[PDB]
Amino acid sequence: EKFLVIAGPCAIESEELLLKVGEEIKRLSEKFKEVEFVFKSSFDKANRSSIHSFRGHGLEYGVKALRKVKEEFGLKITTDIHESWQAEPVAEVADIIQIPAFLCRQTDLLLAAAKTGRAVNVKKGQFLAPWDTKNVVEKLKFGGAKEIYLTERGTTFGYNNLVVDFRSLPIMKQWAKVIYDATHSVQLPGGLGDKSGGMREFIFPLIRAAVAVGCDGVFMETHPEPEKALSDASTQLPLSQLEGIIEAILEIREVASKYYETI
């Protein structure tokens, strides 16, 4: 099946930033024709550690910006919702509605997303065991979702640290397509001052592990200049490095593919 690559700047810092990243993603989509690219960006960071951190410019602005990306580049779109009422307006532009990790058990949010008819991607909560995502998929199916994804983004491992238990990939594949979040998985929750920390040096090696184990897609946040990002400045991948990373995972996926176990 076609491999999915969900990528984009963490937050919608401005419509200009989006178009700049979208342009590169469009270029890569023309090169890597065997990949289905989905542009991602959050119109709101509703769970920042600090009240002083950047959140966004509002739902209205964000949807408008994402719509511009889809219009100008013909790219599929995905963004996350935080309360049930946002599902309807967001579904107007989003091809895939994303459910935040902390909210993966909020029944009404899941139901709100499912009834839009759009695909739904649920970030696996840091508190959830792999086998407990079965009921998450069940809720979505109950709500009408026909295209469901589960995203591995790390599990709570002691304080301010996450570990990726790759056994989750084959387990979750039993009931949904699986995506590996290469950037949030290496972040150190509340690691820094009133902000999240992260170790970019592990992004690439862990993504290689994900494709070797076997997944249906990868999720990566990318920014022209990560150091200047308003969110996840420590983990967002430099846009110039995206091409090489994608090429590498396609190569590893190809050679490992014949060994992927049947679920």
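Quick note: we count residues from 1 along the sequence shown, nothing fancier.
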Open item on the list: Please check residue 56 against the other PDB entries of this protein that were compared: is it missing in at least a third of those that model both its neighbours?
Closed with: no
Open item on the list: Does at least a third of the other compared PDB entries (those resolving both flanking residues) leave residue 205 without coordinates?
Closed with: no
- [ ] Would you mind comparing 68-76 and 178-186 for me and telling me which has the higher average C-alpha temperature factor in the entry?
- [x] 68-76
Task: Mean C-alpha temperature factor, higher of 115-123 and 187-195 - done: 187-195
Open item on the list: Among 218, 38, 237, 213, where is the Cα B factor highest in this entry?
Closed with: 237
- [ ] Please place residue 206 in the lowest, middle or highest third of its chain by C-alpha B factor as given in the entry.
- [x] lowest
TODO: Could you tell me which third, lowest, middle or highest, the C-alpha B-factor of residue 250 occupies within its chain?
DONE: lowest
Open item on the list: Ranking every modelled residue in this chain by its Cα temperature factor as given in the entry, which third contains residue 147?
Closed with: middle
TODO: Would you please rank residue 4 by its C-alpha temperature factor against the other modelled residues of its chain and give the third it falls in: lowest, middle or highest?
DONE: middle
- [ ] Divide the modelled residues of the chain into thirds by Cα B-factor and specify which third, lowest, middle or highest, holds residue 95.
- [x] middle
